[PDB]
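Residue numbers (PDB author numbering), protein chains in the order written: chain F, 93 to 170; chain E, 93 to 170; chain D, 92 to 170; chain B, 93 to 170; chain C, 93 to 170; chain A, 93 to 170. We put the beta carbon where it would ideally sit given N, CA and C, even for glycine. Step one of this worksheet: look at the structure below.
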């Protein structure tokens, strides 16, 4: 779960950002659904859910974790 | 209207979660768009909008309703 | 000229705007959300963190301390 | 599998059409993914696969069944 | 309806191609769904339906029109 | 381009099937757009294009290549 997510983050995470309870992950062109999917599958306790577009993922942080702390965690697995 | 919505939540709502102003609903694979659409057509005053993925819907709550209160409402409709 | 294209497309495709918290919620005609959302990305506004589109609706994430209501009124006035 | 499919065709199938090995199914807005996935889970021997947009499903007929034969089959099931 | 389709093909159609009863239209990424919807709404007599990816559209030709024929016609509307 | 596609098919391709000028490829849920962009970026001479659903890809074969031939080729690259 977590090791698959980690590898794919290393492959596919271009950048991260945050606002409030939200991390925003940028990926290459066809890649966001695929990444989002590995995140969901990892089922992180600090994560409520994810929604992907083509090249963007919204990851919803579980309180009290913030979007910034979620995004920092994702950075440090890449 | 709200009728179809309540009937679909009965059939399709697997689980709820929340964070901040967001309710995150989970459905069977391939059902999230269809349920999201029903929730839009109901046009509930406490919902601003929804975004569906394949089995996840992010519901944005209208202030002052929280994601938790929103999740609590979808869950008691079935 | 990313902003001008965004401005042109808001004029054409934006049906309604709304908000909650750090989120602006934009509505478009069916099939148009993804196209407008990418024009908004392309424009790289200082106060926008990112966007996610469905079929007819866009979530636009405001950069703190800009709020979703602020982003919404700004999109609204570009219509 | 096939009960669920046939029930959903009853609710959601608005119209059919065909060309060659292809059946085109129309649904109400937001209904096509849900219907498409019911069809997939039913695993019909005459179906090769499906792709859904918002209100349109492309069903690929297994040779020698035509798109017209596949479309006629889907209609008589409503 | 057809005018909007014509105007959009002029802005969004990058290239055209075909195979059998199929026209394949290419767009910029993020623009396929929007174009397909405009094609759909124009309801051309020789088009059975469309399905959009991200930057590609499958247009289904109504027999006896071919994909090459459709693609020619779309091509000359740019 | 082709080497990346070849790596991805080994990881993501679950089954191949076909009908007429179409190869139908199945991946795990959430992997189809990712594999489909890699197929596109390989630009194979015999492929007109691809459209991805959630776990299904339609690959359009270039006349006179058939979908069965494309499918058998993709199958042997796992």
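What number of angstroms, rounded off, separates the C-alpha of residue i from the C-alpha of residue j?
{"i": "residue 144 of chain E", "j": "residue 160 of chain A", "result": "35 Å"}
{"i": "residue 152 of chain B", "j": "residue 142 of chain A", "result": "14 Å"}
{"i": "residue 128 of chain F", "j": "residue 156 of chain C", "result": "43 Å"}
{"i": "residue 162 of chain B", "j": "residue 110 of chain C", "result": "23 Å"}
{"i": "residue 166 of chain C", "j": "residue 100 of chain B", "result": "35 Å"}
{"i": "residue 106 of chain C", "j": "residue 123 of chain D", "result": "18 Å"}
{"i": "residue 139 of chain C", "j": "residue 158 of chain C", "result": "10 Å"}
{"i": "residue 164 of chain A", "j": "residue 108 of chain C", "result": "26 Å"}
{"i": "residue 104 of chain D", "j": "residue 137 of chain A", "result": "38 Å"}
{"i": "residue 176 of chain A", "j": "residue 126 of chain B", "result": "Lying outside 93 to 170, the shown extent of chain A, residue 176 of chain A is not represented and no answer is given."}
Since residue i meets chain C, which of its residues come closer than 9 Å, beta carbon to beta carbon?
{"i": "residue 123 of chain D", "result": "125, 126 and 129"}
What residues of chain D sit near residue i, judged by a beta carbon separation below 8 Å?
{"i": "residue 146 of chain B", "result": "121, 122 and 146"}
Whose Cβ in chain B lies nearer than 7 Å to the Cβ of residue i?
{"i": "residue 154 of chain C", "result": "111"}
Beta-carbon separation of residue i and residue j under 8 Å?
{"i": "residue 112 of chain D", "j": "residue 112 of chain E", "result": "yes"}
{"i": "residue 169 of chain C", "j": "residue 115 of chain C", "result": "no"}
By the criterion of Cβ-Cβ separation under 8 Å, what are the contact partners of residue i in chain C?
{"i": "residue 140 of chain A", "result": "109, 110, 111, 114 and 116"}
Residue i versus chain F: which residues are under 8 Å apart at the beta carbon?
{"i": "residue 150 of chain E", "result": "141, 143, 150 and 152"}
Would you verify that the beta carbon of residue i is, or is not, closer than 8 Å to some beta carbon of chain H?
{"i": "residue 116 of chain C", "result": "The chain labelled as chain H is not found among the protein chains of the depicted structure, namely F, E, D, B, C and A."}
Do the region 116 to 129 of chain C and the region 139 to 155 of chain C meet, that is, are 3 or more Cβ pairs less than 8 Å apart?
yes
Counting Cβ pairs, one atom from each stretch, are 3 or more of them under 8 Å apart for the region 131 to 140 of chain C and the region 93 to 106 of chain C?
yes
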